[PDB]
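**Student:** Whatever this is, show me its structure:
(5 chains, ligands or ions: 1)
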Amino acid sequence: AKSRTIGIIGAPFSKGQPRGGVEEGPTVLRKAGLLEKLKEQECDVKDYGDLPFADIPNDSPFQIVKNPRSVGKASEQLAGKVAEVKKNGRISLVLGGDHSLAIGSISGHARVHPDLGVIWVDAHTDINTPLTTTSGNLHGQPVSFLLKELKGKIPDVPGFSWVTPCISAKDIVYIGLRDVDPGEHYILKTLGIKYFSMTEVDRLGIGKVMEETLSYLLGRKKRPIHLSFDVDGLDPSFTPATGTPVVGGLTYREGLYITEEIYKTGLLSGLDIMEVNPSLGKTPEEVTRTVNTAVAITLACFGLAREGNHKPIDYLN
Amino acid sequence: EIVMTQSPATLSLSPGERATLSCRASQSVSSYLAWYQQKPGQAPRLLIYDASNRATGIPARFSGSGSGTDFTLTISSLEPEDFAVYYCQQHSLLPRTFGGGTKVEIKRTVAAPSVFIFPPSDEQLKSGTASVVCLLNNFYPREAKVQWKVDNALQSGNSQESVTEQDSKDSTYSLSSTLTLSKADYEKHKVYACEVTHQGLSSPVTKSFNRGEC
Amino acid sequence: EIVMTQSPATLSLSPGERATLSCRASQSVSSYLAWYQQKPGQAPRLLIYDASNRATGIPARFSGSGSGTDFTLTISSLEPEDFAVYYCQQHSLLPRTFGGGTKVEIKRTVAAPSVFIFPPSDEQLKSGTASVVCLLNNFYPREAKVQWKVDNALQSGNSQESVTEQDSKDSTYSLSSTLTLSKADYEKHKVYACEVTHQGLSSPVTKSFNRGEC
Amino acid sequence: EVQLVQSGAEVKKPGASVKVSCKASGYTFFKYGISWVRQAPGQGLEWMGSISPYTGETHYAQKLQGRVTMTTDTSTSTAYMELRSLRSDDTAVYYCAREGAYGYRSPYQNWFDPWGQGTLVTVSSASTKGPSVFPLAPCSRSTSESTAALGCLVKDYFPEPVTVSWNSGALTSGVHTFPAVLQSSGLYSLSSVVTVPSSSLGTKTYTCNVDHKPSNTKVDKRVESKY
Amino acid sequence: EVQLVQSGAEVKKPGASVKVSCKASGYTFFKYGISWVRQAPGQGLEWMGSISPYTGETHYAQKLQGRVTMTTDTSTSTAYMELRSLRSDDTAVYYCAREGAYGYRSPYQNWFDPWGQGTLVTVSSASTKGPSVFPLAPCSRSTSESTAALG
Ligand SMILES: [Mn+2]
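**Tutor:** Numbers count the residues shown, from 1 in each chain, chains lettered A, B, ... in the order given. Below is the structure in question.
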């Protein structure tokens, strides 16, 4: 169909976060066999392989921001690949990896659809600047490069000269905030970005939150929706093998309801699955649950309803 | 559990030019490991923190490269205070494997051990035991042998050796195999020879005595 | 951990009529176990999948019953290609216990082993060891004994035996206890007798030599 | 057909794992839960673990919980099973097979029929060595016996196997290959192949051609009388 | 400076733990995940566990899971590590050091630079005894040699 027409982009990338091991994100998810789990239902599955990311040894850092240039080269390569696969009319499934990849993901998606919107599901806002950071890790700084309102507030980071800020403060909705920096919360209150922390989800319920989210983004104008997802926004009871484990996250049922409502919009146009670290699994059972969680999220993004799904023909024959 | 293999096992260099060291990883660490300065009897000290970039007061000469399997550690301007066991250690994978050990020695020349066997004391015969101590002293390198001879019987297992550190002064070494016996097995024999085979020695030097001689 | 006890330990049958086999469970499996065909040196093969019903290309003769403690496996029309170790195995309880082993032999008659002791080679005396090898050959069944005699000293522990499979041709067996000694204990004695006690033998056959005879 | 390609026969001393590719073929994956079963030679079988193919439910057996790790590779339907802190008890032919998944949509199986062919794993601290054959192939005239037998003494090899043939496989009659009875001394198993010639064959030499290819060693022998 | 005061050198026979105060100083806590590493003398080092300072994430290493317990004392920034059912393998100088917390707000470290000075722990069932010195210090005239040694 128009929905569940998939270009698969694997990015075995880790250089925007400290703990190496999310390079085996697409490796484990492909050996979890997301492709075959799509191929039952009417999915136009087409992988495009993994991207060859060069290793620049002289990736000289910024003041606090470390590894700018290899990350910028990675996201520029990924922006080309995402724009390429969205020329195909597919839905850009990109998965890594960490949030630094989402820069080029949203970039190449905005090259095709400049009118997009972002649902950034994450424990964090990841809205840090090079100035307002504490770690300098670019997986904590993807969003600030992509916001038009932080133009001039973004320093000239080596490797991100190609980056064009493509969305506005109204173009993005956060869901799942429970680990927010004072700089992050100050910027969030500064730009007036619509968000949904764990407080409002516990207040309204996940149905009312998803209702208000789709009313905010698609109630004005039906536009392509780029769900960019972090696994730590779900509770680490389900996803302990994530890079930034923060307790008190969303439930597995809640995330499945989110992705089912996104599929029932049908305006999903790009999916980003990051922070998948099998090396942070204390048991392989932890890895197994986390990977199955991410796969089931992706399947419910591409039509796997919990109520059941069938090919529209008679079965009583 | 990425195995870190340091390609120089040990090293000996009379103080001088580039004394570059090497460590290899079992996987791709990708510039995410560090270099260390475990001095003898001391706490280790950070040399390089991420494959380069010369951590926080390192003087002038301790660069390194890598990215991302086999890493280097350049000791370019040797400075003989820097004689210490060095360590690569991966970090960005759990669990966090160290390297093997990079004991940096001094390469003076190969010298001969001044070999001195010592009878056990009669005070040790008052203790009901006997430990025969065969010196090696003031030599280079540590590559030596001790073959105990008990009325010329090639014995071991009753013998514990003891390796000095390399001296700051004359860069030498000193060994002592300690042929700890019972008093009963001591009284069974007299000719207590100590066949010492070292590179500085031209011959396997057998230093001997008789039980009751000295 | 339901113990599966196979009531025939082994079986020997010259090829013929019903050769029905049995396995008992420690609990009530209730028709939820399977039958298997581990051939020698081979992967096992499914015979019966749920207590009956003759799985997927089994020829004509391999029914079974049960339901639900003591199960049967009927080898009705023997077909001597089917000589293999058979297995009941419960499935619908964890963990999934197998049976014991149902080595199906052939029952020709009880024959006598042609017993042949062999001195160690002088090449083994060049190796500093000695292994005396006492044959048994072309007999039935495996129920045998070897009593080594070292200047007529009943020894064991220095001896490893070796059991051939039952031959397809003559259904026989062959043994070899290997009295592996030191060369020193070899040189202590000459009369190296091998008291072999088998059912086909009328007597305990003592096959001997002298050290340096052959 | 519904088949398994196991790979491959490998030994470790006490060390790291012998993770086996259990390559599935012919039948669809994610519907058919694959197990693993060890069997020491001359012993009964021991089921030791079984994943569900998708949503991997481990179900490791008793006494190794723990030491075993099993993974799935449903890109290309191979499966895997490791071991941790390997040990001399792990001298066993490891079979993978398929229980069938006990989910809801999986079809009914209980009986292990993809069967894997087996994988030789002996955990072993011996070093790879050729045999030290200490034969006797005399001229059937030891004392007086007509059908006097002869046989070589295939001693102290590792790993398995030796390949022994009499006179490049000429003498096939009387061949009774004794299995690799394993030394407790150095884990160097012992075998022998014997034949029974007659005393009217005294002008014939007989060469056991003992060829131990995992050490790439080839041994040819004969022994005569003593004047 | 960024320093660690370890305390203190202690032996146990096979018995209870040798819980070491790893007193941090000079640098702020709850931002800097502190590890522990054992090293037997004449041996390589073995990292054995590392807590996050706040929201203590244990990350105990292989072969002792189990026997180790690590705690935090961020009133005064000392840390602790015990052992259970002590054993003669535990003849090792225990170093505490700091990985740096792998949270979100913690700054980037991977390299263990508070370094602790070490702690002598040998697990040991011997009793406290003076030496039994059985000397020879002769008058360098044993048989004939000029520079005759003594010890
Ligand atoms: Mn995030």
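**Student:** Just give the closest residue to residue 41, not the sequence neighbours.
**Tutor:** Here I'm looking at chain A. Sequence neighbours aside, residue A:303 is the residue nearest to residue A:41 in space, at 5.5 Å (criterion: C-beta to C-beta, 6 or more residues apart in numbering or on different chains). All C-beta spots, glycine's among them, are computed from the backbone N, C-alpha and C.
**Student:** if you could check chain D rather than the one you did, that'd help
**Tutor:** Leaving out its chain neighbours, the residue that sits closest to residue D:41 by C-beta to C-beta, 6+ apart is residue D:93, at 6.8 Å.
**Student:** list the helices and strands the host helix or strand of the one you found packs on?
**Tutor:** Per DSSP states H and E: residue D:93 is located in strand D:92-98. Contacting strand D:92-98 under the criterion 3 or more C-beta pairs under 8 Å, 6 or more residues apart in numbering or on different chains; DSSP states H and E are the following elements: strand D:3-7, strand D:34-39, strand D:79-82, strand D:120-121.
**Student:** Looking at the ones you listed, which one is packed in the most?
**Tutor:** The highest average neighbour count among those, using mean count of other C-beta atoms under 10 Å in any protein chain shown, belongs to strand D:34-39 at a mean of 24.
**Student:** Which strands border the helix or strand just after that strand, and is each parallel or antiparallel?
**Tutor:** Using DSSP H and E, the helix or strand that directly follows strand D:34-39 along the chain is strand D:45-51. Next to strand D:45-51 in the sheet, as set by DSSP bridges, lie strand D:34-39 (antiparallel).
**Student:** what's the angle between the strand holding residue D:93 and strand D:34-39?
**Tutor:** Counting by axes from the mean of the first three to the mean of the last three C-alpha atoms, to 10 degrees, strand D:92-98 lies at 160 degrees to strand D:34-39.
**Student:** Please state the offset of strand D:92-98 from the chain centre?
**Tutor:** 12 Å (C-alpha atoms, centre = their mean, to the nearest Å).
**Student:** what does stretch D:79-88 give?
**Tutor:** Here the centre of stretch D:79-88 is set off from its chain's centre by 17 Å, with C-alpha atoms, centre = their mean.
**Student:** rewinding a little: mind listing what's buried along the strand holding residue D:93?
**Tutor:** D:92-98 (16 or more other C-beta atoms under 10 Å in any protein chain shown).
**Student:** Repeat that for stretch D:145-155.
**Tutor:** D:147-155.
**Student:** wait, which of those residues is closest to chain C?
**Tutor:** residue D:149 (4.2 Å; C-beta to the nearest C-beta).
**Student:** tell me the contacts of the closest one?
**Tutor:** Applying C-beta atoms under 8 Å, 6 or more residues apart in numbering or on different chains to residue D:149 gives the contacts C:114, C:116, C:135, C:137, D:174, D:194-197.
**Student:** who's in contact with the closest residue to the ion within chain D?
**Tutor:** Closest contact between chain D and the ion, by C-beta to the ion, is at residue D:55 (25.2 Å). Applying C-beta under 8 Å, 6+ apart to residue D:55 gives the contacts A:288, A:292, D:103.
**Student:** got it, and residue D:182?
**Tutor:** Taking C-beta under 8 Å, 6+ apart, we find residue D:182 in contact with D:188-190.
**Student:** Dig out what the most centrally placed residue in chain A forms beta bridges with.
**Tutor:** The residue lying closest to the centre of chain A (C-alpha atoms, centre = their mean) is residue A:228, at 2.5 Å. Assessed by DSSP bridges, residue A:228 has beta-bridge partners residue A:120, residue A:272.
**Student:** what about it, distance to residue A:142?
**Tutor:** 9 Å (C-beta to C-beta, to the nearest Å).
**Student:** Mind listing the shared neighbours of these two?
**Tutor:** In contact with both residue A:228 and residue A:142: A:99, A:102, using C-beta under 8 Å, 6+ apart.
**Student:** Check the offset of the helix or strand hosting residue A:111 from the chain's centre.
**Tutor:** Residue A:111 is part of helix A:101-112 when elements are defined by DSSP H and E. Distance, stretch centre to chain centre, for helix A:101-112: 11 Å (C-alpha atoms, centre = their mean).
**Student:** Ok, stretch A:252-264 next?
**Tutor:** 15 Å.
**Student:** is it up against chain D anywhere?
**Tutor:** No - counting by C-beta under 8 Å from any C-beta of the partner chain, chain D is not contacted by stretch A:252-264; separation bottoms out at 12.9 Å.
**Student:** how about residue B:6, phi and psi?
**Tutor:** Recorded main-chain torsions at residue B:6 are phi -90, psi 120, according to degrees, to the nearest 10.
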